[PDB]
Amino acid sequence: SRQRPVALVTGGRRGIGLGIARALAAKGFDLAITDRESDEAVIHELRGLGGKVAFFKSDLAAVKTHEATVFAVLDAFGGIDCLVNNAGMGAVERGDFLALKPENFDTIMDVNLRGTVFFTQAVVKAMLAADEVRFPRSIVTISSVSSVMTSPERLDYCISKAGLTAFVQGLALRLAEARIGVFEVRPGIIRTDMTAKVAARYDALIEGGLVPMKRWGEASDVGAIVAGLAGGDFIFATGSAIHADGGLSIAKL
């Protein structure tokens, strides 16, 4: 029987996903990391936090492959205690809604919304079949402030994320008797790899107070929030949405 809880972090080898994986490992979780390709240096780095880490190749959009991925995780770890739905993408192209291509809408919906929904389904079947439950359990979905704030130049992104908000509410109800805490986390403007030109612009916007807290969010901010929710103290808060955005999404006049 497992002695550490197991977190499956989709898209966990870079960016926000990696910040989440690091926070969870530090809190005492073992880690199943998925992505289209691995990074062995990152897996090694995560093992340095003192737990077990394994990588599983998965395309989130390829829903026919999800059950096999879940079985691989089960075969390696025995069970799943926390799912973090982090994998996602931005819009393929930004621009006028009038120029939005159905093909690009499809690509993002298939990843962010359809893929996440069915990956979650596959994991939940396994969680509901677990013959023992020794750790707090959770499903934490990383959507976006774009779930609730609209950006007309990228409505495909916004719609895909708003879909997740609705999904999470239903999922919370479905899993309430099983005592699996179901949460949404909405990141705002989180630091990414950037050119000086772009970073200087964002920094001026942030310092100007676009973000009330007047700083970049870090992957570690999202990570600490997620690890907080995964530790079990928020079980009775199932269905809650947390905005990891420095106050960006506060409606202000």
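Residue numbers here begin at 1 and follow the sequence given.
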Check your understanding: In the PDB record, does 11-19 or 233-241 carry the higher mean Cα temperature factor?
Key -> 11-19
**Study point:** Comparing 212-220 with 191-199, the one whose average Cα B-factor in the PDB entry is higher
**Key:** 191-199
Point to revise | Residue with highest C-alpha B-factor in the PDB entry, from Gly95, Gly79, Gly115, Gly170 | key: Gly95
Study note, to complete from the structure: Per the deposited entry, the peak Cα B-factor within the set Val70, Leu31, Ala204, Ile225 goes to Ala204
**Study point:** CA B-factor ranking of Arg186, expressed as a third of its chain
**Key:** lowest
Review point. Considering only modelled residues of the same chain, in which third does the CA B-factor of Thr150 rank: lowest, middle or highest?
Key: middle
Practice item. Ordered by C-alpha B-factor within the chain, which third holds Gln121? Give me lowest, middle or highest, please. Key: lowest
Point to revise | Ranked C-alpha temperature factor of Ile250 among modelled chain residues, by third | key: middle
Point to revise | Relative C-alpha B-factor of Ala178, binned into the chain's lowest, middle or highest third | key: highest
